[PDB]
Structure formats: C-alpha cells, structure tokens
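Bear in mind that the values in this text are calculations on the coordinates, not laboratory data. Because the Cβ atoms are built from the backbone with ideal geometry, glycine has one as well, and the counts that use them run over all protein chains shown.
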Amino acid sequence: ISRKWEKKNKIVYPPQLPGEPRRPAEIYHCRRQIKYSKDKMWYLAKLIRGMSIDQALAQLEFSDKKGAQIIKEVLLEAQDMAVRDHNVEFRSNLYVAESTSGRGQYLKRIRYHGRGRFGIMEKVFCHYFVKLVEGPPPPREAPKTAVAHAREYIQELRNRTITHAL
Amino acid sequence: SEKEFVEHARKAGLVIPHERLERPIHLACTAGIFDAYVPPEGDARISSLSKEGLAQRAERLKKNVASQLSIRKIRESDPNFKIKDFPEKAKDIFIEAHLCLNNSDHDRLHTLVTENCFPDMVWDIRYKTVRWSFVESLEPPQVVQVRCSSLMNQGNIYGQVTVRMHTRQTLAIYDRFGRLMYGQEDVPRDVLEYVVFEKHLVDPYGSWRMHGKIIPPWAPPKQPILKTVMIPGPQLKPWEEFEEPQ
Amino acid sequence: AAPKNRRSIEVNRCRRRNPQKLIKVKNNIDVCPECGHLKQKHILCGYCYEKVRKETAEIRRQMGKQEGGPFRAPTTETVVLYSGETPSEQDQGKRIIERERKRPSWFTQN
Amino acid sequence: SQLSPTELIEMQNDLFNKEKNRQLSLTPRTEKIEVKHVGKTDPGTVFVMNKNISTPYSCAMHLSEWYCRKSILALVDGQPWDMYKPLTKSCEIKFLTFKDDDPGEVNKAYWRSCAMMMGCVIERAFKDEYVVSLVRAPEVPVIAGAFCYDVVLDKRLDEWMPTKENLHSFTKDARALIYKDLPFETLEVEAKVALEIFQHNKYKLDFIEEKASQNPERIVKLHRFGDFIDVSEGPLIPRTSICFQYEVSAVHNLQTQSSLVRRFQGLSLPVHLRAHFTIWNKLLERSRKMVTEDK
Amino acid sequence: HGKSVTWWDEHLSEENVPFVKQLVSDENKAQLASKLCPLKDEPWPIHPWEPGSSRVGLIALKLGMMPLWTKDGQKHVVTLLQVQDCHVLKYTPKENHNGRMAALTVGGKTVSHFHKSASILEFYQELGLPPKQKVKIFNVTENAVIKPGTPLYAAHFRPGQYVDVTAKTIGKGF
Amino acid sequence: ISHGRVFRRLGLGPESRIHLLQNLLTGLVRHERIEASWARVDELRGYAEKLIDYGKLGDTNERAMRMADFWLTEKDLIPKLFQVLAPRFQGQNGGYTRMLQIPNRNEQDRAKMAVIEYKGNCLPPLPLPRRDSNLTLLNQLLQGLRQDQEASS
Ligand SMILES: [Mg+2]
Ligand SMILES: [Mg+2]
Ligand SMILES: [Mg+2]
Ligand SMILES: [Mg+2]
Ligand SMILES: [Mg+2]
Ligand SMILES: [Mg+2]
Ligand SMILES: [Mg+2]
Ligand SMILES: [Zn+2]
C-alpha cells in the first residue's frame, strides 16, 4: 500500500515576506477503501472538477449514484478541516481544484456458472482524492474564435523556411 | 478464494489491564495545582508604583505561615536554596523555554517545562510557525508564595513557587502557508503573568521546571485575531422547532 | 462471438469519456424559501415534507389509540386540536384528536 | 476652468480615494463586533466581524454561495443597508431578495441603481464640444412605466430629439457596462467635500445643499462604480451584473422658465426576474409614455 | 454565469397569469382581423393567366374521412382537410432561391408565443401575425406572386381539380 | 406501436393491474393521503376522481354500491365513502385530489415518488409550491399595464 496524500497536509512553508502575494490555501483530503467501484466513481469525480464547493455539493445532493453521498461527506468534512485546522475564513470561498479516483485492494471470490465451470469474482474497492484551494473558481476556457484560428494559420505560414536550402 | 481483510484499529481500555502493571507508572510531576494564588484586583495600578509594590510583596512573603513552612521544608530537604536568587533563575528559564518554541527544539524544552506544561505550548503550534522575542522587563520579578505537599504513599515532596513577572514581549504567529495570523512583530506589548514553577525534592537531580501559567481573572482581553470567525447556529432536526433565549 | 483483439486503452478512453456517457449537470436547483435548504423547482422540499410526514404519523398514531378495533372507522369528519384550544361551534359533531404539543406554525387553524 | 473630460474624472477619483483613506485611517485598530443573524432560514448564527472594513457581503460568504448571489439588500437592525457598505456597530442582520413577499425596499433600490447607469451612459456619449449636466434621478415608484433621469444639454442642442438608432446606441453602451463587472461603492462624505466633487455642475451643487438640509450633520451619500461618481438617496444593488435586460425607452422634454431638462426613460429587469420576449415587448411600449411624479 | 432555466409561468403571480393570457389573446384577434382586406392594403399587381404558370398552395389540417357517392352509384371515400390559419409569410426572388421559379412561404395554424424561439417570435412581430406551427416553401412563377401577409382560404381550390398532398406519414418506430 | 393506449402495464397483467390499484385506492380512502411510485399514483388519480362521482349518486343506487363494494376491499370504508367523502364534495366537479412529486425514495431502487391526497383532509398541509407575490418587480410592472388598460377600456 501507499499513503502519500495524507502526508501532504503536514508540509510547512517558510513565512512570507511583507509585500509578497497572499498564498492561497491548499487542503488535501481523501477516503480509503470505499465499496464503490473505481470506474463508476470516476464519473462523479469528473463532474465536480473546477466548480466551487457550494455548487459542487448541490450537484451531488440530487445525484442518484451511491457514490454521490460518499463524495458529499468527504467534501463536508474537508471543509471543516479547512476552516478549523487551517486559517481559511469564508468557508464558501473554496473550489475543487483536483478530484480523482484510484483503485484499492480487491477481494477474490468464486462465481459459479454451470457444467462444473467457475469464474473468479473481484470485489471492487476504490479510493477518492480531493484537493480544495481557497479562492474563486478559475474561468473555463472558451473555444477559439474565428480570429484566433486565422492568426495561428497566418503565423504558421510565416514561420516557413527553405528546407534543405543551402 | 478464502481471503479476507485484516488490520482494523480500535482503542479499548479495561480496569483489569491497568491494575496488572508489574511496574507502577512513575510521575515526575503532579497533575494539578495545589492552591491557586488570588492576587488583589489593584495589581494593574500598583505595578506603576515602585516602593509600594515591592514593600507590599515583601510583607506577604514574611507574614504567611504556610508559605514559610514550605520554604523551610525545601531548605531541610535540600540546602543552598535562596529565595532571593530564585527570580533570576526563574526569569532565565522563562526566556529560554519560549526561545525553544521559536526554534521548535523539544529536547531542551523537556528539561525546562514540566510534563503538565509541555502539551499546552506544543499541541496548537505543532504545524505553525511562531516568532517570540524578549525586549524589556519593566518590573523585576517577585516571589509570590511557596507551597509544598507531602504524599505519604511514596514520601514525595513537590515544591511549587509562584512568581509574578511583568514582561514586555513581541509575539507573532505565522500560518503554515507563511501568512500572518495573530500579531505583529515590532510591537512590544506589555504582558503580566503568574508563572508557577515546580521541583522534585526527593529526586537527587531535581531540576527546576515550569509547571503552569496562571492568568488573573480581571486580566485585559488579549489582542483580537486577524481572521474572521462565525459561530454556527444550533443544528435543528426537522421535528424540533427553534427557540430564542432572551 | 468472441473478440478478435484486445482493445487499446486509447480506444477505450474515447468510448468511456464520450460526452453522452458523462454525468449531465442540473440547472434546476433552488433554495427553499421556508427552511433555506436545497430543492428542485418541480419537486417538493425534502426537509419541509419530512417535517410534515413526522407530524402526520403522530396524528395518525393518536387516531389508532382512539379506535381499538382494526375495522373501526369514523362516520363523520375529523378535526385535530392541539394544546390550549377548544372545539369551535362549526367543529362540533366531529371526532376530536388531542395533541399535547403546541400547535405548529405551518399548520393553520380554520 | 480648463479641464479636459479625462482630467476632471481623474480629479474626482483622486478626491474620492483621498476621502476613503481618511475614513480608513479614522479606525486605527481592528475592533470585533458581534452580529446575530435574525434571518428566517438560519436563526441563531452569530458573526464576529471587523469594524468599518467588514461588509455584509463578507458576512454572507460565511454561510454559503447562495446567500452571496441571492441577497441584494441587507437589513441592519431595521434600516436598509447596502451589501458593500462596511458595518459600524454590533447589530442584527437580515438579507432581502427579490423572491421575498415584501421586496418593496429591494424594488426601489434596483430602480435607483438602473437610473444611475443611464446617467453614466448619457454623460459619456455626447461629444466634448457639447456640455452635459446631470441634474438628478427623480424617485418614481416601480408601479410606473420606467425609471427616469434628468439631463441638461447644451443651448445649441435644444432642437434635437434622438432618433431610434441614437436611442439604441445608449442601450448598447449600457449593455457594455453590464458586461464588465463593476461593484457599487458607498461612502459617507461631508457636504462641503461633496461640493468639491461636483464643482462644474451647478445643478448638482444645489442638489447636495438640498439633501444636506434634511440631515443635521450635513452628511450626504456618494456612490461610485468604475469611474463615475454621483449623489443618490437610499441604498443600491451590490453588483452591476445583476441587470440582465436593459433598454433605453425614449426621451421627453420638460421646459422650465429657467432651463430645459431632458428626461431619459428606460426599462430594465434583473437576472432573477427576467421575463419572456412577448411580455418584455409589451412592457417596453408602456415605458415610452411620459412619467410625471416628483412629489 | 450558471443562469437557471426559466419559463413564462415561473415568475408570474396568480393575479397576473389570467391577465397575460388575455393580453396575448386580444393581440391575436386584432392582428388576424386586420389582414382581412388583401385588396384594400395596396396589394402587388395582378397579372392575367399564362401557359405554364404555377399557383400557390395552402397548409391545411386533416380532420378525418367520410363516404361519398357519385351519380353512377359508385362509392368514394373523401378526406376532410380544413384550412385553419393560412397566410403567406415571405417572398424570395427568383434568382435567390432556385434561379427558375420564385419561392413563396406559407405558414400553418396559430400556436402560442410562449413556446417559440426568440428569432421566430421576432420575425412574426415585424410582419404582425401570431406564430405558425408548420412552415413550407412553395415554388411559384413570377406571374403569380402574392404580397406577404395575404390570407388564404379553402376557396383557393375549385371542385373538379386534381391536387397533391405532402405530409409526414404515421411513424411506427423501430 | 402504442398509439392511443392510455393505460399502463403494471404488475403481472391486466388482472393484477386492477388489484394493485384496488389496494392503493383502499389506502387512499382510509388515510386520505398516501405516497407511492409516481407511475402507479398517476393511474390511481383517474380512479379516485370517478369513485367520488359514484359516491355522489347515493347510498341507495345499486350500481354505486356494487362498484364501491369491489374497490373498497375493507368493508368498514363503504359507510365512510357515502357519509364523509361524498357529502364533503358537493361544490367542485373534478377538483377532488392533488398530486405532487415527492423526492426520490432514499433506498436502492431510487424510484420516482408522488403523494396523492383528498381535498380538505384532516392532516397538516403539504408544502405546496407558492407563486410569487404581486409585490415583486415583474408583477408590479405588469400591474401597471392592467391599471392603464382598465382605465381606458
Ligand atoms: Mg454440480
Ligand atoms: Mg481473466
Ligand atoms: Mg475480471
Ligand atoms: Mg409511434
Ligand atoms: Mg401511452
Ligand atoms: Mg414489470
Ligand atoms: Mg397520465
Ligand atoms: Zn424547505
């Protein structure tokens, strides 16, 4: 096994000199050995990337997946750590910077078919990792406009040089 | 197929295992404070007077009967103990103990502070960064009272000395992310404390160790914190209605 | 039939992450005016309805004790009265249900 | 005086910021004030805010993002309060939205704020060769057709009614102002300092004196968003981006024996209460009609 | 800005929902009754019939079927097609649609304003008609062009003529 | 091809469909407010509307008695229907029952729930969706049109 996500909260940075930009907070939290599957949990994790914590909880409130309740508990208990263990005021000023799902330890069983045959059954366990960063959510990138495509294409035609020239 | 999981951690305690310790636990210092000194409410204004403050404190030392018996008890248990020289040793211990927290050195702090004092000054600042300095001492420290207790179970005698110190300190606590949390660096705030020391007399070594820190009930409130807090409201179950106390 | 070759992870990622198979967000989430919790626009509030359902069960539990038999049902209208209240003139001729708790705010007397 | 439009705007911003720093310097230490939440949704919540730097918007951020977006006007004790004016003393707070059963206070505030946006568009639309003098924003109830703003134009611009395209140009500029997110800043300024801000405008000086007569302390309220400073009565909505549908309806002429005032009328609806296209066009036609309500 | 979804009846109060329905209903009757004078509102010039000319069709609603008998005793089945609201919407020039024949646009029966697109509602507002359900394109020669907004009736077809019918058939699924 | 089919396939067939709605209807008459799956509650609404219509016919009409005999599987509810529910509903013609969508059941199946009830029941009112008050900004603007319209017309 490997447990490195838990130890990321023990990193102590040197004090900041006056005049430097304020360092946004970073909270690392995870849950181990969830009965939910790895692939099924991924779709929920992909859903809440880049959204603020309040709207992330709203989306998972009404989701019918069994993992929706599990993730909501993780975010709520991670928010309490941010406001108490860390000096993060404005408990609504957090956004989910990164969320992902890993695989745990599986239990192997025997699944019967018939004719004396069998198949190995894998009990599935998965982990959930979430990182909360203080601040408003970053703005999502818009698709490239017509001018942007034209600018890149003209620039590409201007980088051309005589191949195998001299 | 018959493979299962192990390693479920739980903490269970029973009376039977605690009573079956072959070697009883040895305590270097007592848990609580035997008697809490009650300073008069006028100390905030007497401290600005030199002759009145020193003379009044000196009388309190020479007039208490229980305190004088405790002083004699220390002398009989261990010679070459002087009340006059104690505050200078107590003052240096106080400065050295806090400078250990600044450097986050726990090995030295164990010798300076006692077992009942170590968790209080370490637990909260474990992951933080503090910067503490000493600049001035407006009033020299005075010994308030000395008490002793005789535990007949083992014959152990602990001598507690209460010292009142008027100290000028510069405290600044930094967050683990490097941002300022509690106080500035260049402001020499004036602070007053009643530090209680403790020494084990039966122990041939018996280092003088700081035991506790007593704050007067009428002490001015501490400087406000920079971070804004919110007290949550009472969590309400659906079948319970909110009631407003007045 | 049996597969001819192993699907590469490059192909699997395209299929497993197609926009159709992803979870769609919900834009019809609103805050309940009464209790401040979350609810959808076309759905009753979960907290407010649970508040009502608990009270309804208590009222029905009191009715059961007032009709011991399993096939005993009133032939008249029913009115529920809480502590500190007495039946009205229009409420006479109907069975009376008594509850010790104070009349709830949401419940309205007529 | 010889002041270009760029310089006079810069002078007011420097004067406004100088006054703002003076107010901040009046509080040397951060003082903790206990605010008790008396709202219907979350009773019993107690806030511990800083004096003169903590705004009710920061008070709302402790609860959830829903209070940040839904709330428009906060009710300190029983007095309406902006969501960007710092708190002063320990009190009780309540948040008012459009959805509440009595949005009358919020409705008036929204009508006032949209009038201020039109004045900014009107002032910075005419060429510098013409003089534009903003008079005031008369208080008209929301039950009327639309909010109106009075503007005095140049003497050589007397016989000029804006065309359909010209009216639509003001709306396009207003929507551009809506596109950028500019908060509303509320500051209490002494009467004589306010006269310095509006030295060029004769009508504004009269308006400041009239408002200062109603208060024994000779104190007036100034609101600034972006680079525009104007005097208005009552609170304002916290953010510019609250408005979604905005339109300048039409203009009208009110001739007085001393001067001529141009009445610019426009109709707007917020993001929360946006209406259908069919309903919007019906309401827009009524806004064309004259609005006459001053006292 | 994650703006929430909305509909026309979301923010309307109980005392104004009947009012808005009356407001739109009165507009439709005024607009429909103001188009009943095609020859009194400066129509386009009318040309005499020429060989090879094509006329303008209609959009009708299929009611049902009835039996019908002829004078020779034979039995025929006729389908009742009703024209509810038919107005020409827009005219496309010959060189901008096909290059051979002009195109005339005809709308279907009246529908509610509250469930159409912003562009669709705006398009009808300029003309001054309530929204239509189905819109079809008719190929018409230049000598039979009609000014947009001219109503059409079932009398456009005289008995004895042979006509075509185009509509979506009954969908039976997979 | 299910064109024109207004009924739903429930249970083990057409006979089990009636019996499932027979038990639900019996519970609705006795308790006056029950919650079940949204599809089954929607079907139950049609029968609960017409059962009151049979109740209005009277205690003496034989067809009503036989119809109420089959649907009310508990025999102590027939007097209740003809003496409580029927006398209560005399004014309205079709406004007998309300249907609202309860949130999904907190179980594995995650079914779509609904609550069905009779008017004027002796139970706490459901949290009905309340419309915006007339004092709202949008409503106030529209009331301006009505006041001006009624002034001239
Ligand atoms: Mg076998
Ligand atoms: Mg295998
Ligand atoms: Mg496998
Ligand atoms: Mg079909
Ligand atoms: Mg069907
Ligand atoms: Mg089935
Ligand atoms: Mg149905
Ligand atoms: Zn609720």
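Mind checking which pairs have a first residue in region D:15-34 that is within 14 Å of chain B (Cβ to nearest Cβ) and a second that is hydroxyl-bearing (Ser, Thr, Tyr), Cβ under 7 Å, 6 or more apart or different chains?
D:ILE33/D:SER90; D:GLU34/D:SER90
Which numbered condition trips up F:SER2, out of (1) within 16 Å of ligand 5 (Cβ to nearest atom); (2) within 19 Å of the chain's Cα centre (by Cα); (3) not hydrophobic (A, V, I, L, M, F, W, C)?
Tallying (1) within 16 Å of ligand 5 (Cβ to nearest atom); (2) within 19 Å of the chain's Cα centre (by Cα); (3) not hydrophobic (A, V, I, L, M, F, W, C), F:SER2 fails exactly one: (2).
Scanning region B:176-198 for residues that are over 27 Å from B:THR114 (Cβ atoms) and among the aliphatic types (A, V, I, L, M), which turns out nearest to the other protein chains (Cβ to nearest Cβ)?
Here the residue is B:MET181.
Read through the list (1) more than 14 Å from chain B (Cβ to nearest Cβ); (2) surrounded by fewer than 19 Cβ atoms within 10 Å (Cβ to Cβ), then give the number of the only condition that D:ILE53 fails.
In the conditions (1) more than 14 Å from chain B (Cβ to nearest Cβ); (2) surrounded by fewer than 19 Cβ atoms within 10 Å (Cβ to Cβ), D:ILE53 misses (1) alone.
If you check F:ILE116 against the conditions, is it more than 8 Å from chain C (Cβ to nearest Cβ), in contact (Cβ under 8 Å) with a residue 24 or more places away in the chain and within 30 Å of A:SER63 (Cα to Cα)?
The answer is yes for F:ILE116.
For region D:141-245, which strands (runs of 3 or more DSSP E) that fit wholly inside it have 3 or more residues that are out of contact with any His (no Cβ under 9 Å at 6 or more places or on another chain)?
D:147-152, D:185-190, D:219-225
Can you say whether C:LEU81 is outside any helix (DSSP H, G or I), more than 20 Å from the chain's Cα centre (by Cα) and within 11 Å of another protein chain (Cβ to nearest Cβ), as far as the supplied structure shows?
yes
Looking only at residues that are more than 16 Å from ligand 3 (Cβ to nearest atom) and among the aromatic types (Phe, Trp, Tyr) in region A:111-135, which one is nearest to A:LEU44 (Cα to Cα)?
A:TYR128
In region A:20-31, which residue that is surrounded by fewer than 16 Cβ atoms within 10 Å (Cβ to Cβ) and of a type in the set (D, E, K, R) is farthest from the other protein chains (Cβ to nearest Cβ)?
A:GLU20
Could you list, in sequence order, all residues of region D:249-281 that are loosely packed, with under 15 Cβ neighbours inside 10 Å and in a loop (DSSP other than H, G, I, E, B)?
D:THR256, D:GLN257, D:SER258, D:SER259
For region E:151-163, check the following and say yes or no: at least one residue is β-branched (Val, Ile, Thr), away from chain D (no Cβ under 14 Å) and surrounded by 10 or more Cβ atoms within 10 Å (Cβ to Cβ). First the steps, then the outcome.
If we filter region E:151-163 for residues that are β-branched (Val, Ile, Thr), which is where we start, we get E:163.
Now narrow it down to the ones that are away from chain D (no Cβ under 14 Å): E:163.
This time we only want the ones that are surrounded by 10 or more Cβ atoms within 10 Å (Cβ to Cβ), so: none.
No, region E:151-163 has no match at all.
The rows are residues; the columns are (1) part of a strand (DSSP E or B); (2) out of contact with any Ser or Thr (no Cβ under 9 Å at 6 or more places or on another chain); (3) away from ligand 3 (no atom under 16 Å from the Cβ).
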{"site": "A:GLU98", "(1), (2), (3)": "yes, yes, yes"}
{"site": "A:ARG109", "(1), (2), (3)": "yes, no, no"}
{"site": "A:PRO137", "(1), (2), (3)": "no, no, yes"}
{"site": "A:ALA150", "(1), (2), (3)": "no, yes, yes"}
{"site": "A:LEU157", "(1), (2), (3)": "no, yes, yes"}
{"site": "A:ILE162", "(1), (2), (3)": "no, yes, yes"}
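From the list C:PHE107, C:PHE71, which one is more than 30 Å from A:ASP54 (Cα to Cα), aromatic (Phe, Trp, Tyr) and loosely packed, with under 11 Cβ neighbours inside 10 Å?
C:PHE71
Report yes if F:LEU100 is out of contact with any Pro (no Cβ under 6 Å at 6 or more places or on another chain), without any contact (Cβ under 8 Å) to a residue 12 or more places away in the chain, of a type in the set (A, V, I, L, M, F, W, C) and farther than 28 Å from C:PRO70 by Cβ, otherwise no. Break it down into steps so the answer makes sense when it comes.
Numbers: out of contact with any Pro (no Cβ under 6 Å at 6 or more places or on another chain): yes; without any contact (Cβ under 8 Å) to a residue 12 or more places away in the chain: no; of a type in the set (A, V, I, L, M, F, W, C): yes; farther than 28 Å from C:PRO70 by Cβ: yes.
No, not satisfied.
Filter the helices (runs of 4 or more DSSP H) completely within region B:35-121 down to those with at least 3 residues that are among the hydrophobic types (A, V, I, L, M, F, W, C).
Correct list: B:50-63, B:65-77, B:86-103.
Which members of region E:5-29 meet the condition of being in contact with an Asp or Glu (Cβ under 9 Å, 6 or more places away or on another chain) and under 21 Å from C:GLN40 (Cβ atoms)?
E:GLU10, E:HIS11, E:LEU12
Being within 30 Å of A:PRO136 (Cβ to Cβ) and within 9 Å of chain D (Cβ to nearest Cβ) is the filter here; which residues of region E:8-36 pass it?
Answer for region E:8-36, where residues must be within 30 Å of A:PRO136 (Cβ to Cβ) and within 9 Å of chain D (Cβ to nearest Cβ): just E:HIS11.
Which condition number in (1) closer than 11 Å to F:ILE116 by Cβ; (2) away from chain C (no Cβ under 14 Å); (3) within 16 Å of ligand 5 (Cβ to nearest atom) is the one that F:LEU24 fails?
(3)
Give me the pairs, please: first residue somewhere in region E:116-137 and without any contact (Cβ under 8 Å) to a residue 40 or more places away in the chain, second residue anywhere and aromatic (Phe, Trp, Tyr) and surrounded by 15 or more Cβ atoms within 10 Å (Cβ to Cβ), beta-carbon distance under 7 Å, and either six or more positions apart or on two chains.
E:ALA118/D:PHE277; E:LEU121/D:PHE277; E:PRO131/E:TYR124
I'm trying to understand the selection: among the residues of region B:223-243, which are within 18 Å of C:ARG101 (Cβ to Cβ) and within 7 Å of chain D (Cβ to nearest Cβ)? Steps first, please.
Of region B:223-243, the ones within 18 Å of C:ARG101 (Cβ to Cβ) are B:236-243.
Listed by number, the list holds a single entry, B:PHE242.
Which numbered condition in (1) out of contact with any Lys or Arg (no Cβ under 7 Å at 6 or more places or on another chain); (2) within 14 Å of chain D (Cβ to nearest Cβ); (3) not in a loop (DSSP other than H, G, I, E, B) is the only one that C:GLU34 fails?
Here C:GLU34 clears every test but (3).
I need the full set of residues from region E:124-150 which are within 14 Å of another protein chain (Cβ to nearest Cβ) and either out of contact with any helix residue (DSSP H, G or I) (no Cβ under 9 Å at 6 or more places or on another chain) or within 16 Å of ligand 5 (Cβ to nearest atom) (or both), in order please.
Residue satisfying the conditions is E:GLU126 alone.
Select from region A:32-44 the residues that are more than 10 Å from every other protein chain (Cβ to nearest Cβ) and within 23 Å of A:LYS7 (Cβ to Cβ) and write down the one among them that is nearest to the chain's Cα centre (by Cα).
Only one residue fits best here, namely A:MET41.
Can you work out which of the residues in region A:58-86 that are surrounded by 18 or more Cβ atoms within 10 Å (Cβ to Cβ) and free of Cβ contacts under 8 Å to residues at least 12 places away in the same chain is farthest from B:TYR174 (Cα to Cα)?
Here the residue is A:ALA58.
Taking the conditions exactly as written (more than 16 Å from ligand 8 (Cβ to nearest atom), over 15 Å from the mean Cα position of the chain (by Cα) and surrounded by fewer than 12 Cβ atoms within 10 Å (Cβ to Cβ)), does A:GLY104 satisfy them or not? Outline the logic, then answer.
Values: more than 16 Å from ligand 8 (Cβ to nearest atom): yes; over 15 Å from the mean Cα position of the chain (by Cα): yes; surrounded by fewer than 12 Cβ atoms within 10 Å (Cβ to Cβ): no.
Answer is no for this residue.
Evaluate the following for A:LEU60: is it out of contact with any strand residue (DSSP E or B) (no Cβ under 8 Å at 6 or more places or on another chain) and assigned to a helix (DSSP H, G or I)?
yes
Which one of these is away from ligand 7 (no atom under 16 Å from the Cβ) and either within 14 Å of chain C (Cβ to nearest Cβ) or among the hydrophobic types (A, V, I, L, M, F, W, C) (or both): F:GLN83, F:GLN101, F:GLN92?
F:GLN83
Confirm whether D:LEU284 is among the hydrophobic types (A, V, I, L, M, F, W, C), surrounded by fewer than 20 Cβ atoms within 10 Å (Cβ to Cβ) and assigned to a strand (DSSP E or B).
no
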